[PDB]
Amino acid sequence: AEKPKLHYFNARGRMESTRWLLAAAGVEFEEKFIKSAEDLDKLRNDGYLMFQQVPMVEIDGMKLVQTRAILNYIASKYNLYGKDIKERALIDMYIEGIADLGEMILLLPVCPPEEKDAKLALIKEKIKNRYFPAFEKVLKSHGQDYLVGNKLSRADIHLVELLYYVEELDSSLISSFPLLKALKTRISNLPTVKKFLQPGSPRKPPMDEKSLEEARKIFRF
């Protein structure tokens, strides 16, 4: 049990940001894929899940649930959480904006069909007018290669992950954000992240209809 062990169903979902961070940190992990409501109930009954939910990661003797608890620990453990409390505040402020946007995109597929169009348009408007400007502005103001402390952090990893999902959405959205483009390229070419982006890795594909129906079967929603 040297490898962290990720419990989740076979999809990006709430576990993918953790997959990215671990990979960018060069940490190898195992994944135990939930395939059925029965598998989830198994974990639930063996007392593995504090709030009866996944994501859960077995790491360092712990059974960590809650996405942010997992990410925070992993980021600290591998020195990707800034150097002090004030760097951490910037990292936290940045990645919480990223989380807000990411949550909107993550849930788009379960928007009621009569709300789907307006929600997509809202997401595009916020990307254009709120989130991309905010992060371009940060890069522009210190001119450095990384978001915080002139050094690779979880913030660059989380943001670049999001850039890939926005590109899947509408490849034109990032067009007028040169600094964001540059960041995506630099980060994507880091050896650990390059390897994750390449075919064959544990990186997961966009959720399709089949996958969405598996999640409804498993999590009973």
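One rule holds for the numbers: they count along the sequence shown, beginning at 1.
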* Tell me which of 11 to 19 and 195 to 203 has the higher mean C-alpha B-factor in the deposited entry. => 195 to 203
* 180 to 188 versus 26 to 34 - greater average Cα B-factor per the deposited record -> 26 to 34
* Asked: Per the coordinate record, which of the options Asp84, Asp100, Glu115, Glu136 holds the highest CA temperature factor?
  -> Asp84
* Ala69 by Cα B-factor - lowest, middle or highest third of the modelled chain -> lowest
* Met50, C-alpha B-factor rank within chain (lowest, middle or highest third) -> lowest
* Structure fact -> Chain thirds by Cα B factor, record data; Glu96 belongs to the lowest
* Would you mind ranking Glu168 by its C-alpha B-factor against the rest of the chain and naming the third, lowest, middle or highest? => middle
* Within-chain third of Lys128 by Cα B-factor, per the entry -> middle
